[PDB]
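Spelled out, the chains give:
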Amino acid sequence: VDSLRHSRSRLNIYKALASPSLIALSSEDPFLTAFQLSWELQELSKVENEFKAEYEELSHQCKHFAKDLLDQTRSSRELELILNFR
Amino acid sequence: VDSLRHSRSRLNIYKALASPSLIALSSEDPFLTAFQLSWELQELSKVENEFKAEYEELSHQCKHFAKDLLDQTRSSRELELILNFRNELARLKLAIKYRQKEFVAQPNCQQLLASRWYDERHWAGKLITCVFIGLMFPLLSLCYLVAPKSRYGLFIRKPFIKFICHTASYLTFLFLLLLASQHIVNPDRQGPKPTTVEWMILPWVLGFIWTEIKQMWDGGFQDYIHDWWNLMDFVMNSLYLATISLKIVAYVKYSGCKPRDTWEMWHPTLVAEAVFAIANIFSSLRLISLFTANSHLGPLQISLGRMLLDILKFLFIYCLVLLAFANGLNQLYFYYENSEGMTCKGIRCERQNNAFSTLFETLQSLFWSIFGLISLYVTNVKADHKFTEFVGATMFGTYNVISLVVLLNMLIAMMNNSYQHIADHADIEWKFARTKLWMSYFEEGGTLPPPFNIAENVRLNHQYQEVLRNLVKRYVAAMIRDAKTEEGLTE
Amino acid sequence: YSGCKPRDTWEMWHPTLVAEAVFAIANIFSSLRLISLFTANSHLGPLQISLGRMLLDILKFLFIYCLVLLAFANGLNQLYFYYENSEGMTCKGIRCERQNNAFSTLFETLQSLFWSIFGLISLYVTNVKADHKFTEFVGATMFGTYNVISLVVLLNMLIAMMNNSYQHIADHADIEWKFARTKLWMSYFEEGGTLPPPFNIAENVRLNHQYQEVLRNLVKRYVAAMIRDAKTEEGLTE
Ligand SMILES: CCCCCCCCCCCCCCCC(=O)OC[C@H](COP(=O)(O)O)OC(=O)CCCCCCCCCCCCCCC
Ligand SMILES: CCCCCCCCCCCCCCCC(=O)OC[C@H](COP(=O)(O)O)OC(=O)CCCCCCCCCCCCCCC
Ligand SMILES: O=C1CN(c2cn[nH]c(=O)c2Cl)CCN1C1CCCCC1
Ligand SMILES: [Ca+2]
């Protein structure tokens, strides 16, 4: 019915979810949420084609968060525990 | 008298008027003032040519103000109350008329139009459904004009479907054009009779001319001739008319079935064929404009079309060099026009000869050497003068160096430098063009392809004024009060 | 088929000839696959990835060029199709020593308009055996206009597009190259193929403890470093 409000609400929610602090506060596995959220935003970038830039930037920042979180490692054993998990 | 004071006073006044706060404080309709002020400043940019930058920047900021004011909308009903104020979508038509590109390509404005255009997938589905609607166009176009009731005749009024139908009609016309030049569908008899394909082509030509006349009464030789595609339509329709009026002259005057080889130049049939071919070129070339509706080929086409007023100036500078060297090279060789027992003379023969004997041949020779199609033995005479044959070869070589190592690379450098200043405002331009394409199909004026073609207001001011008051209040609170506290610090 | 007939006096579509043609076209691809070997090098890798990323931008341009080609072919075939002499000619077409009938059919017209991007179509192909110096001028002007549009306008716009695209690519270039090299390597870490073609025919719950401890430390370090120690380096405003 009201497409304008629907679009704003969806974008506001997705922009809230793709936040490093909200992920680092209440999330069972930061890497899974970053991966999945980046994929969802990349997909939505092609449906809501009127707002491509917003979704592309949000997915880009979700990609940079996982890399920044992997830089806080100070041992090889500590890195192998992450890259080998299943 | 005192031009300096007059200029300062006029610029100061206009710079005061084009101020977002002064407009938002004392103005009966912000959008009208923004549109009109932007147009006035754009016009003054060409009279007071000593101060172009000032007026251009002021008009640009007046354009950005209207867009920023349209972003303070939080409902679809609230947006439709603005775009429909005054028939349907009158404000959007006014904005397109005033060339408000930033206002038109707004994301929320660009979504209402999409919803009004599609009215109900992936790539394969959109590929395979658009073929099924375009194959069966004639029966829809036939059942619309007999019983326009809610069974099948209201399915050709939807803008997307109408666009598909017109595309299918144009593609059928192109297929017939490709089919006209076949050795199965007539021989060469002097002053012939139209074949089975000319009679099918004639109704599309008539329909195209009728659509053009309809569209040219409405505009009135102003901003209709601006659109270059309409100019091309005019030229090709002129050529088609000239083709009709020569196939008849050669019918009522000439006849007799003479062999083709032993005809004589300017025979009306040959000139008819020449004009028809040159018209086919334009008719087929008009198929580029179909792809301003695509999302990938659209922006690229707009960018290509914007780098054409910068190539024409360069070609005009090149023609002067061409004429100078032709004048030089014809003065040297015009005493040697042998043409002694030669079946063919000129450069368009197997053994090229007399390449610089006349001015016309000289221009042709200097043109076809941009592509390397003029051999080097054309700078020889039957005598044994190894001094004019050296001056001529040096003139030819200097022309080649100036034309293919200096002017071409400067054209490349110019185009590279221009393309960067274009590819920033590229999506705004493309969406403005796509919006014009769409708006041409929202009305029940044509609604039919060429082959088958031959108070009520005072109450609404209350809601509109309420909407403007809220929009102005939101803009003041957001832009000129909440983004002034984010500037930097100084001494 | 069998019988040892001489090669010259065969007939087209004889299966041996088509076998040879398909075999040659397959050799081209097989030899071309040798480019992918050099995503493992450190110098030729990034350059190859950059070349391969500027190909979806050339295809669109070629699609716009084919429309111009088709328009001018449609124009040029309409003018010359009445002059298909072919009178006592051993060879006809443009792939012969004396080129002839360059615009007599649509297929030859497309071929003629293609081979003139490289300058291999002579200029005497715009003549007829008659003496009509008006169609021979309209045809030469059509050919010249095609040459100008194709070799002075569209080519330089392709160059400008490629220059403008290459700068937006050469920033994320090493990320792309290392991602590609990593995929190449990972394809050889398992014992699946392990053999070239010629000779080819709780256990988890305990670990969640260590993984959770590692995540807790990583999240704590990230919070301390990024969203608490790099927020005190912003600028000042009003
Ligand atoms: C790799 C880049 C290629 C560029 C080539 C440039 C070569 C320059 C000259 C090299 C010398 C070789 C000549 C020897 C042969 C010979 O003697 O003979 C002269 C030959 C001509 O052929 P002939 O041998 O039959 O005489 O070559 C020449 O005519 C040389 C002409 C050079 C002209 C240079 C002009 C400079 C451009 C200035 C800018 C103009 C501004 C625009 C005005 C509007
Ligand atoms: C250094 C850069 C080189 C560029 C050369 C440009 C030259 C331009 C014309 C020079 C005039 C010489 C002609 C005189 C000879 C003659 O009369 O004869 C005409 C000859 C043809 O050979 P003939 O002599 O046999 O007729 O040359 C021509 O046909 C001129 C054609 C010019 C076409 C210009 C088109 C402009 C491009 C517009 C953009 C298109 C947009 C893309 C659409 C999708
Ligand atoms: O709007 C026009 C005008 N046309 C004219 C007019 N006058 N003379 C001519 O030769 C021609 Cl082709 C037909 C092409 N189109 C569009 C129809 C929908 C698909 C994209 C093209
Ligand atoms: Ca038109």
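Reading guide: rules and limits
Residues numbered from 1 in each chain as written, not as in the entry; some residues may be left out. Chains lettered and ligands numbered in written order. Part of a larger assembly, values for the part shown. Heavy atoms only, no water. Residues with missing side-chain atoms left out of burial classes, pairs and counts. Helix = DSSP H or I, 4+ residues; strand = E, 2+ residues; numbered from the N terminus. Contact = heavy atoms within 4.5 Å. Donors = N, O, S within 2.8 Å, 3.2 Å for Na, K, Ca; no water. Buried < 20%, exposed > 50% of the residue type's maximum accessible area, 1.4 Å probe, protein only. Near = heavy atom within 4 Å. Polar contact = N/O pair within 3.5 Å; in protein donor to acceptor, adjacent residues only side chain to side chain. Areas by Shrake-Rupley, 256 points an atom, 1.4 Å probe, with all protein chains shown as cover. Nonpolar A, V, L, I, M, F, W, Y, C, P; charged D, E, K, R; others polar. Salt bridge = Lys/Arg side-chain N within 4 Å of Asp/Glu carboxyl O. Patch = residues over 30% accessible without salt bridge, like charges linked within 9 Å, V, L, I, M, F, W, Y side chains within 5 Å. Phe/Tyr/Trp six-rings, centres within 6.5 Å; stacked < 30°, edge-to-face > 60°.

A. Quick look at the side chain of B:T269. Mapping B:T269 onto the fold places it in helix α14 (residues 268–285). Dropping the residues within four chain positions of it, B:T269 is found in contact with B:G191, B:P192, B:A250 and B:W263.

B. Spatial organisation of the coordination of the calcium ion (ligand 4). Residue and element names in this part refer to chain B. Bound to the calcium ion (ligand 4) on the protein side are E212 (OE), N230 (OD1) and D233 (OD), at distances that span 2.5 to 2.6 Å. Expressed as a motif, the donor residue spacing for the calcium ion (ligand 4) is E-x17-N-x2-D. Taken as a pair, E212 in helix α12 (residues 198–219) and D233 in helix α13 (residues 228–252) lie far apart in primary sequence, 21 residues in all. Residue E212 is classed as buried on the basis of its relative accessible area, which comes to 10%.

C. Spotlight on the site of ligand 1. All names here are of chain B. Taken together, the neighbourhood of ligand 1 is formed by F390, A393, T394, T398 and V405. Between ligand 1 and the protein, one listed contact pairs an oxygen atom with a side-chain N or O atom of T394 at 3.3 Å. Coverage of ligand 1 by the protein chains reaches 33% of its 1100 Å² of free accessible surface. Taken together, the residues of the shell around ligand 1 break down into 3 nonpolar, 2 polar and no charged.

D. Representation of the interface of chain B and chain A. Taken together, the 10 residues of chain B in the interface contact 7 residues of chain A. Counting across the chain B and chain A interface gives 0 salt bridges. Those elements that place two or more of their residues in the side of chain B that touches chain A are α5 (76–83) and α8 (109–118) of chain B. At 3 residues, α8(B) tops the list of elements feeding residues into the side of chain B that touches chain A. Residues belonging to the side of chain B that touches chain A are distributed by class as follows: 3 nonpolar, 6 polar and 1 charged.

E. Spotlight on the interface of chain B and chain C. The partner chain C presents 53 residues to the 57 residues of chain B that form the contact. Among the elements of the structure, α11 (159–180), α14, α15 (297–306), α17 (359–367) and α18 (388–422) of chain B are those that each provide at least two residues to the side of chain B that touches chain C. Element by element, the count of residues in the side of chain B that touches chain C is highest for α14(B), at 11 residues. Residues belonging to the side of chain B that touches chain C are distributed by class as follows: 37 nonpolar, 12 polar and 8 charged.

F. Molecular detail of a nonpolar patch on the surface. Residues and elements named next belong to chain B. Residues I225, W228, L231, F234, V235, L309 and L312 make up a contiguous nonpolar surface patch of about 710 Å² in total accessible area. Listed by contribution, the elements that provide at least two residues to the nonpolar patch are α13 and α16 (309–333). For the nonpolar patch, the leading source of residues is α13, giving 4 residues. Relative to the helices and strands, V235 resides in helix α13. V235 sits in the partly exposed class, given a relative accessible area of 32%.

G. Representation of α8(B). With 7 of 10 residues buried, α8(B) is to be regarded as a mostly interior element. Among all positions in α8(B), only B:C109, B:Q110, B:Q111, B:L112, B:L113, B:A114 and B:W117 are buried. In the core, the buried residues of α8(B) are packed alongside α1 (3–17) of chain A together with α5, α6 (90–97), α7 (101–104), α11 and α19 (427–439) of chain B. Phi for B:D119, located one or two positions after α8(B), is positive at around 60 degrees.

H. Representation of the environment of B:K162 in the model. All names here are of chain B. Here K162 is to be found in helix α11. As a C-alpha pair, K162 and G134 span 28 residues in sequence and 9.8 Å in three-dimensional space. Look past the residues within four positions of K162 in its chain and what remains in contact with it is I156, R157, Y441, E443 and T447.

I. Inspection of the packing of aromatic side chains at higher detail. Under the criterion given, the structure shown has 35 aromatic pairs over all chains. Seen from their ring centres, A:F85 and C:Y211 are 4.0 Å apart, and the 15 degrees between their planes marks the pair as stacked. A residue pair is termed interchain when its members come from two chains, as with A:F85 in the segment after α5 (76–83) and C:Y211 in helix α7 (residues 205–225). In this structure C:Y211 comes out as buried when scored by relative accessible area, which is 6%. Consider the rings of B:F173 and B:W204, whose centres lie 6.3 Å apart with planes at 40 degrees: the pair is tilted. Judged by relative accessible area, B:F173 falls into the buried class, the value being 0%.

J. Up close: the site of ligand 2. Near ligand 2 there are 15 residues, and of these B:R348, B:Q364, B:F367, B:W368 and C:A140 occur at the shortest range. More than one chain reaches ligand 2: the nearby residues come from chains B and C. Contact distances for ligand 2 include 3.1 Å between an oxygen atom and a side-chain N or O atom of B:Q364. C:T141 is positioned such that a nitrogen or oxygen atom in its side chain is 3.3 Å from an oxygen atom of ligand 2. Relative to its unbound accessible area of 1100 Å², ligand 2 is 78% covered by the protein chains. Looking at the shell around ligand 2, the elements that each hand over two or more residues are α17 and α18 of chain B together with α5 (135–169) of chain C. Looking at the shell around ligand 2 element by element, the count peaks at 5 residues for α5(C). Tallied by class, the residues present in the shell around ligand 2 amount to 10 nonpolar, 4 polar and 1 charged.

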